[PDB]
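Enquirer:
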Ligand SMILES: COc1ccc(S(=O)(=O)N(C[C@H]2CCC(=O)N2)C[C@@H](O)[C@H](Cc2ccccc2)NC(=O)O[C@@H]2C[C@@H]3CCO[C@@H]3C2)cc1
Ligand SMILES: [Cl-]
Ligand SMILES: [Cl-]
Ligand code: NA
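Residue numbers (UniProt numbering), protein chains in the order written: chain A, 501 to 599; chain B, 501 to 599.
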């Protein structure tokens, strides 16, 4: 698709068999989702957003559908106002910005 | 142009007579610029993201040149770690997300 930006670019994602809403976020390096359970081991990571740095759980090689496109990659779990799909997975689904 | 997302989507902007680098950010509702002087009236605002909220100054009807495209709109000024072009100005240059 071609998504305009008059509204927030929210899409449906599927992770762990559950549907969630997430924001396509070209200003995010990383994908950050709200607390949920994911399989496997996690590693620590600190990310710095607009208000400061927070700790998150980094899970690698997680299967995630984004707007109907399959991605497999790193998901950070921690307190974010909204689930955000960052460039690590936007690249996997072939997204570009155009103007 | 078509901008891929392997790297941060940074562009040159001109605002207040000043050249700056800024992120094209589909996850940002509003445009947020690091501390600088702008003319006219302003009002305080709080904006929030990962890590919490910061206090900013809201300036209305500010012209920004974004990668050579002129736009006008509200610009927030405050202690953001990065300059952010948000959806309120991305729409005006006709930016879309494509995949
Ligand atoms: C109302 O207007 C705005 C409100 C908030 C922001 S924001 O900068 O907090 N942010 C909002 C996003 C994230 C939460 C949400 O609902 N939408 C814009 C983001 O693109 C932000 C833009 C950003 C803010 C601060 C630093 C770098 C980028 N990136 C970001 O938080 O990425 C996180 C932090 C890590 C650094 C970059 O990637 C890592 C993942 C911008 C304008
Ligand atoms: Cl505006
Ligand atoms: Cl349009
Ligand atoms: Na003004």
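Even for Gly, the Cβ is constructed at its ideal location relative to N, Cα and C.
What does the alpha-carbon distance come out to for the pair residue 560 of chain A and residue 590 of chain B?
Expert: Stepping through the first chain from its first residue, residue 560 of chain A is reached at position 60. Stepping through the second chain from its first residue, residue 590 of chain B is reached at position 90. Computed Cα separation, rounded: 32 Å.
Enquirer: Confirm the yes/no value for this check: CB of residue 509 of chain A, any heavy atom of ligand 1, distance under 8 Å.
Expert: On the first chain, position 9 is the one that residue 509 of chain A refers to. Remark: the C-beta of residue 509 of chain A is outside contact range of ligand 1, defined as less than 8 Å to any heavy atom.
Enquirer: Please confirm whether any heavy atom of ligand 3 lies closer than 8 Å to the CB of residue 504 of chain A.
Expert: On the first chain, position 4 is the one that residue 504 of chain A refers to. The answer is yes for residue 504 of chain A.
Enquirer: Return the CA-CA distance between residue 520 of chain B and residue 571 of chain B, expressed in angstroms with no decimal places.
Expert: Numbered from 1 along the second chain, position 20 holds the residue referred to as residue 520 of chain B. Numbered from 1 along the second chain, position 71 holds the residue referred to as residue 571 of chain B. Their backbone Cα atoms lie some 15 Å apart in a straight line.
Enquirer: Could you tell me whether the Cβ of residue 506 of chain B comes closer than 9 Å to any Cβ of chain A?
Expert: Within the second chain, the letter at position 6 stands for residue 506 of chain B. Residue 506 of chain B counts as touching chain A.
Enquirer: Could you name the residues of the stretch 575 to 599 of chain B whose beta carbon sits closer than 7 Å to any beta carbon of chain A, in the order they occur along the chain?
Expert: Result list: 580, 581, 584, 587, 590, 591, 593, 594, 595, 596, 597, 598 and 599.
Enquirer: Report the option in B:538, B:546, B:584 and B:504 whose CA atom is closest to the CA atom of residue 563 of chain B.
Expert: In the second chain, the residue the question calls residue 563 of chain B occupies position 63. It is B:538 whose Cα lies nearest to the Cα of residue 563 of chain B.
Enquirer: By the three-class DSSP mapping on this structure, what secondary structure does residue 587 of chain B have?
Expert: Numbered from its first residue, the second chain carries residue 587 of chain B at position 87. Residue 587 of chain B: helix per DSSP, three-state reduction.
Enquirer: Closer than 6 Å from C-beta to any heavy atom of ligand 4: which residues, in chain order?
Expert: Summarising the contact set, residues whose Cβ lies nearer than 6 Å to any heavy atom of ligand 4 are, in chain order, B:540, B:541, B:559, B:560 and B:561.
Enquirer: Anything in chain B within Cβ reach of residue 571 of chain A, meaning under 8 Å, just list it in chain order.
Expert: Start at 1 with the first residue of the first chain, and residue 571 of chain A comes out as number 71. The contacting residues do not exist; residue 571 of chain A stays about 11 Å from chain B at best.
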